[PDB]
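> build me a model:
(3 chains)
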Amino acid sequence: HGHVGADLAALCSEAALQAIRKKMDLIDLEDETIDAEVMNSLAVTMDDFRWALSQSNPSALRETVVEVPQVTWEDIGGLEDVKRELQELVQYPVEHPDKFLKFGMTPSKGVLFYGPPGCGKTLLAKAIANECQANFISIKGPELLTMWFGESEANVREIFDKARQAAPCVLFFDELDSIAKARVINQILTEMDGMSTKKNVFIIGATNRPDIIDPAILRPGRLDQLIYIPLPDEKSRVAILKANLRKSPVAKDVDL
Amino acid sequence: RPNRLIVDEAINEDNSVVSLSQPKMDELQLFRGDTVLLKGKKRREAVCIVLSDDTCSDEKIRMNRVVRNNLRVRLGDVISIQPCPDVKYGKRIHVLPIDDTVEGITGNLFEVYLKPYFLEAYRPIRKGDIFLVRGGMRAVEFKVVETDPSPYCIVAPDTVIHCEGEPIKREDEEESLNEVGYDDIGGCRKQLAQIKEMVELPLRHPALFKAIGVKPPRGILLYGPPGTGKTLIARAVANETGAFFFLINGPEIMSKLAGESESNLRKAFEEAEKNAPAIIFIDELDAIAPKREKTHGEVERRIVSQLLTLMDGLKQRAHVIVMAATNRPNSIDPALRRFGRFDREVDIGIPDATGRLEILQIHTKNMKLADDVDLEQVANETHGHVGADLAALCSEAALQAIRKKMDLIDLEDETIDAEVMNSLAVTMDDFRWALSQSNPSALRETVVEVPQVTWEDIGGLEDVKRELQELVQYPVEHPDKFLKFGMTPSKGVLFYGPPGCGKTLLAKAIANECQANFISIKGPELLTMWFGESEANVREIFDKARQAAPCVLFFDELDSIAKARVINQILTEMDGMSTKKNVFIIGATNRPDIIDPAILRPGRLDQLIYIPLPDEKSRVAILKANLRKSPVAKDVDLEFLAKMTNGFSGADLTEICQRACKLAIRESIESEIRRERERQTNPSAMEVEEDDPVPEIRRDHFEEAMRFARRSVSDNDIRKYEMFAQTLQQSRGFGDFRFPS
Amino acid sequence: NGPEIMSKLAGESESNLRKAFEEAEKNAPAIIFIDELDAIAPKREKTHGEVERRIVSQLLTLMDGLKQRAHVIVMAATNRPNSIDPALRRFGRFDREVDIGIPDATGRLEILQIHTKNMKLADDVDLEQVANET
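Residues are numbered from 1 along each chain as shown, chains lettered A, B, ... in the order given. See the structure here:
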């Protein structure tokens, strides 16, 4: 992750050089002129690639990445009301844009999750992005408040027009109350009203202290719906428990 | 392969002669009148005719002195011999008297030193050969520099003479001895091996790299602190192969007129393109290409763009690589750190303790030392010194040894006799003087090294040892079993306990055990970033940890900014750090409740290991450990001293083994007062032997130094850590359950 | 002199520096002296032009271009070591740095003993007393 094409060319050349360097038993000093044996009878193996990935090649990437996620709906079972609501708020304005035009109902532009910390909020937000075949960017808390700690408040316009460039996206804040420990909420607030509605970008924000939030974010037009994420129930628990044991071979008599 | 043989002494006087063994004749099949080349050190060779004799051993060649010196080989070293069928006659080899033993003869001397010496042998003479001819108490060696055939020549007597030039002095030897070898540079053996791996195999084998299709490098950055010989290393790599150096100086291509420096750069790159597989070198890049903020004019921008265009205008078939030399990679214009110009960046950093022994071993070569000196002892100190600082140390110690000998180096003898010139050896207190009285170290930044503390330095804590082994050793010693069932490794622990119970002395132990590097930043080094608002200055100390792959970076008192940010600056960096690198982040603290809870989120810093007060076995271990240097009396018990000190922290009983040393040094100073202040100090009944009243720390010194002991940690604050340990739920709840049958 | 090799035309001061270093190289074991170095080589912040940077680099190149057999040493004279361009405090150019600081009380007696040489003093004066003050 983070490699570019030139970095991958460098990876291929270094893996080939490591495969040469393990064959110094034939490429000797007594044979200065190298015979035609090892020139065409040397194939690279997998641990050479793993060495060349591990031992070297720092990635030249730190900024955001646009992609479609690969998580699925059954990765977190249950929450059928939340699934129905997110389908009603994401899928229907893009899969059927004409029926929303028959009787003129305008689509909403974003929900606000809230619940206990670590109940699969991001793992729920990526599921609808994967289901709609929609791109998904994500900025976090520490990426957010380092803007206003060094007073770079006017540096969300680029991360919004980058979302404008990828048309079917759902930009996801995470812990946007992180600056509510003591601005940039106003900088998103002046940008969200300037964003048009014919583009189908949605703004889902997550939080853990829903009372400390600014009430101006809850005005109708900006962020209206308030979906509550509860603790995981039984079927969701067995689903996530099976989901985390994809890689590990587990004994067949281990009950879940 | 039977080519390389050791060289030993010879008896015969004939010159350009190599001794072969008579049992091995049929493998080479060359007879007596055949010429051979001998591979020597520092890429200088010589040519000889063979002699087949029985006085040589089976694998040892008997050869004379001047061709042993032309190969620069001595007793024990192994040389190669190869046949060379390109024997031919030549015209006007340029002989030259290079010694001061000519005795003032000028003109044509070559009718008795050249013409009778060379005949009936087919004498092979290579360029630079240092053969001598002795005649009339005049042993003149003619080192030739211009041979019209290549590479060696057979001298004919009908060769016309050309000897209008003047014989010169030993200065031409001083420009040939700086064709240095690999052994002439020390302190950076790992980085020398890595750069040799990077450079040497494209250069000696240009065809295989094109054959597979890999790309040789186009630009290497040799960044490091200034003065560590970053130009000597490039000379050594280039001269250890068949390269061609070209030193472009830094401010020399700045001190030209406007519109003329680029002509010099174009001429230099053209000379690199025209010649062999070669290497140019640019020292002090940040004086011709600084950051963009340090560019108020525009001609420097023209020079920088000229450098960029000439750098990218090279071909992979030209076989030229570019090495630059800065001090820090953020002090360059970042427009030339893109792919194709300057990507691979090595760090010839500060030499360590045992990396400092060879760097003054190579400097104490021509200086006669006595037997009392100990290079290991001075190597143990002099932290922060660089190679130039150690050269200055050697010169100042030699000057102090001269300056103590002013009793013979007098004003009445203006011309100094040859006595003290070769009969003066430096002793150890001269080195101690030159270290103490002078030489401030030019180092303040961090240092990467493996620690030398051991696991038994702090006994006990077997659970903590098991946990640290499980969190450090197993992700690096067995990386495949972590890949069998996909468990990802953790990226850092958080110690917490009472102040001064061996936290850093525990953190260095696993770094030493894993043979892993260990950097360490502290509290006052941390919060001085955000007191002067240099918050974005931890990226360099993290990518420095990226450069040294098996490291464990150790914060210390990271709650020091929690007296009233940079925690967020580490927090945005820790998630961006990948996991295939095996760098771990161990942070220590003393107030675990005041810490930011965002550091405790799973993924960032999860495990919370509690360090208790030292127990009994740990106490006797640290007590024995602090008395390594001091000789202690054999009846001084320590187990009785162990179980008496019950609630003492690890930083309190390390104080009493200095208070006892101070209480014994007071009495050892005081005992010398009365012994020199003896009334009627007569030669009668004089103690010619040293009485040594306090040779070691006795028992009553500890019995009196214990009286000032005081426990630092109370009972009310160890309960704070017990209560914080109870704030972690501590495996409480349901308890034991069983799976159904 | 310091500002004397600044009061020349452009492109001519370096000719004077080269002539001076050549005269040092040609003559005996000798010593040149540069007074007021911080007027021809200040810190980098006090360099708004570029010709001063050409002079500074010329000084660096001619300084490093000497040989140990030439027997010439260079003494400069500043007031504080942080008031110099730190690119010439590296090893090989300017390392050893002495401090002829302020003279003390009894160090002040000889400095006016050497000044009261040609002046006839009476018997009532006491150089120790004035040395105690000032």
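> every contact and neighbour count from this point should use C-alpha atoms.
Fine.
> need the nearest residue in space to the closest residue to chain B within chain A, chain neighbours excluded.
Nearest residue of chain A to chain B, counting by Cα to the nearest Cα: residue A:248, 4.2 Å away. Residue nearest to residue A:248 in three dimensions, not counting chain neighbours: residue B:485, with 4.2 Å by Cα to Cα, 6 or more residues apart in numbering or on different chains.
> ok, the one you found - how many residues close by?
Applying other Cα atoms under 10 Å in any protein chain shown, we find 14 residues neighbouring residue B:485.
> now for it: which residues touch it?
Contacts here follow Cα atoms under 8 Å, 6 or more residues apart in numbering or on different chains; on that basis residue B:485 touches A:247, A:248, A:249.
> and with 10 Å instead?
A:245, A:246, A:247, A:248, A:249, A:250 (Cα atoms under 10 Å, 6 or more residues apart in numbering or on different chains).
> between helix B:189-204 and the longest helix seen in chain A, find me the angle.
Counting by DSSP state H, the longest helix found in chain A is helix A:5-21. For helix A:5-21 against helix B:189-204, the angle by axes from the mean of the first three to the mean of the last three Cα atoms, to 10 degrees is 90 degrees.
> next SSE after helix A:5-21?
helix A:46-54 (DSSP states H and E).
> show me how far whatever helix or strand comes next after that following helix is from its chain's centre.
As assigned by DSSP H and E, the chain's next helix or strand after helix A:46-54 is helix A:80-86. For helix A:80-86, the separation from the chain centroid amounts to 21 Å (computed by Cα atoms, centre = their mean, to the nearest Å).
> what secondary structure does residue A:226 sit in?
Under DSSP: H, G, I helix; E, B strand; the rest coil, the three-state class of residue A:226 is strand.
> oh sorry, the question was meant for residue A:100
Put simply, residue A:100 is helix when judged by three-state DSSP.
> again with residue A:191
Residue A:191 ends up helix, using three-state DSSP.
> again with residue A:179
Residue A:179 - assigned by three-state DSSP - is coil.
> what are the pairing partners of the longest strand seen in chain A, and which direction each?
Ranked by residue count and defined by DSSP state E, the top strand of chain A is strand A:202-207. Applying DSSP bridges, strand A:202-207 is found paired with strand A:111-114 (parallel), strand A:170-172 (parallel).
> now the stretch 151-256 of chain A against chain C: closest residue?
Nearest to chain C, among the residues of the stretch 151-256 of chain A, is residue A:151, at 26.7 Å (Cα to the nearest Cα).
> pretty sure that residue is in a strand, no?
No - with three-state DSSP as the criterion, residue A:151 is assigned coil and is not in a strand.
> looking at chain A, which residue lies furthest from center?
The C-alpha centroid of chain A is most remote from residue A:30, which lies 55.0 Å away (Cα atoms, centre = their mean).
> which SSE is residue A:160 in?
Assigned by DSSP H and E, residue A:160 falls in helix A:157-165.
> put the alpha carbons of that helix into CSV.
What follows is helix A:157-165, C-alpha atoms only, in CSV (Å, rounded to 0.1, in the frame of the first residue of the first chain):
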residue,chain,number,x,y,z
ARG,A,157,-11.6,23.3,0.3
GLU,A,158,-9.2,20.9,-1.5
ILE,A,159,-10.5,17.8,0.3
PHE,A,160,-13.9,18.9,-0.7
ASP,A,161,-13.2,19.6,-4.4
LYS,A,162,-11.3,16.3,-4.5
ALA,A,163,-14.6,14.8,-3.4
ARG,A,164,-16.3,16.8,-6.1
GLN,A,165,-14.0,15.2,-8.7
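> run the chain-centre distance for it.
Using Cα atoms, centre = their mean, the distance between the centre of helix A:157-165 and that of its chain works out at 16 Å.
> what do you get for stretch A:204-222?
Relative to its parent chain, stretch A:204-222 has a centroid offset of 22 Å by Cα atoms, centre = their mean.
> can you give me the end-to-end distance of that stretch?
Terminal residues of stretch A:204-222 are spaced 11 Å apart (Cα to Cα, to the nearest Å).
> stretch A:51-71 too?
OK, stretch A:51-71 end separation, Cα to Cα: 30 Å.
> on that earlier part again, over to the residue farthest from the centre of chain A: give its phi and psi.
phi -70, psi -30 (degrees, to the nearest 10).
> can you add secondary structure and give the contacts of residue B:485 back as a markdown table?
Output for the contacts of residue B:485, formatted as a markdown table (three-state DSSP):
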| residue | secondary structure |
| --- | --- |
| A:245 | coil |
| A:246 | coil |
| A:247 | coil |
| A:248 | coil |
| A:249 | coil |
| A:250 | coil |
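> residue in the stretch 51-200 of chain A nearest to chain C?
Relative to chain C, the nearest point of the stretch 51-200 of chain A is residue A:150 (25.5 Å; Cα to the nearest Cα).
> got phi/psi on that residue?
The phi and psi values for residue A:150, taken as degrees, to the nearest 10, are phi -120, psi 20.
> over to the one 3 residues further on?
Main-chain dihedrals, residue A:153, degrees, to the nearest 10: phi -70, psi -30.
> hang on, the earlier thing: tell me how far the longest strand of chain A lies from the chain's centre.
Distance of strand A:202-207 from the chain centroid (Cα atoms, centre = their mean) equals 13 Å.
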